[PDB]
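Each chain, letter by letter, is given below.
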Amino acid sequence: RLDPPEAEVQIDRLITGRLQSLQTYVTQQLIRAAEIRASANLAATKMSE
Amino acid sequence: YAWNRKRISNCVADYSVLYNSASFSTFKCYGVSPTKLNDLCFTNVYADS
């Protein structure tokens, strides 16, 4: 609907929003993975002992 | 206080003037780019004079 010089503003807005969403998702996944890893280590110890 | 408004629908409007006013190196429109105006579909159009 718009032309190169005008579209760029909306393009930038959407880019910022979606980048923030991805960053939040990745951080949450990292924390959850750390928790699950701790649980897995405990389970391995339980098996061995 | 009695500006006349006409309903335009089921139509092809006077796109010709601005469509042919394309070789001009300058364009004067802010709501939407003039060039794209002839590659879209509108539910309804209002004209006021």
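Residues numbered from 1 in each chain as written, not as in the entry; some residues may be left out. Chains lettered and ligands numbered in written order. Part of a larger assembly, values for the part shown. Heavy atoms only, no water.

In its metadata, the entry names cryo-EM as the structure determination method and reports 3.33 Å as the resolution.

Here we come to the overall build of chain B. When helices and strands are tallied, chain B shows 1 helix and 2 strands. Secondary structure of chain B in N-to-C order comes out as β-α-β. For chain B, buried positions account for 4% of its 49 residues. Accessible area for chain B stands at about 4,900 Å²; split by element, carbon and sulfur atoms hold 57% of it. (Helix = DSSP H or I, 4+ residues; strand = E, 2+ residues; numbered from the N terminus. Buried < 20%, exposed > 50% of the residue type's maximum accessible area, 1.4 Å probe, protein only. Areas by Shrake-Rupley, 256 points an atom, 1.4 Å probe, with all protein chains shown as cover.)

Bringing the pattern of salt bridges into the picture now. Residue and element names in this part refer to chain B. The full count for this structure, using the stated rule, is 1 salt bridge over all chains. The closest approach of N and O atoms between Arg5 and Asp48, which form a salt bridge, is 2.5 Å. Of the two residues, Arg5 is situated in strand β1 (residues 5–8) and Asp48 in strand β2 (residues 45–48); the sequence distance between them amounts to 43 residues. With relative accessibility at 44%, the residue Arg5 sits in the partly exposed group. (Salt bridge = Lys/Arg side-chain N within 4 Å of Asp/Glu carboxyl O.)

Residues and elements named next belong to chain A. Together, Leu22, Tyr25, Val26 and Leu30 give the surface a local cluster of nonpolar side chains, amounting to about 430 Å² of exposed area. One can find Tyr25 in helix α1 (residues 4–48). For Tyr25, a relative accessible area of 49% translates into the label partly exposed. (Patch = residues over 30% accessible without salt bridge, like charges linked within 9 Å, V, L, I, M, F, W, Y side chains within 5 Å.)

Looking at the element boundaries, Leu42 of chain A is found in helix α1. Linking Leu42 of chain A and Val9 of chain A, residues 33 residues apart in sequence, is a C-alpha distance of 51 Å.

Turning to unusual backbone geometry, a few remarks are in order. Even without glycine at this site, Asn10 of chain B takes up a positive phi of about 55°. Counting through the fold element by element, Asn10 of chain B comes out in the loop between β1 and α1 (16–20).

So, on to the environment of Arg1 of chain A. With respect to the helices and strands, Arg1 of chain A occurs in the segment before α1. Relative accessible area serves as the criterion here: at 65%, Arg1 of chain A is assigned to the exposed category. If we skip the residues at most four places from it in the chain, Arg1 of chain A touches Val32, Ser33, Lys36 and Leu40 of chain B. (Contact = heavy atoms within 4.5 Å.)

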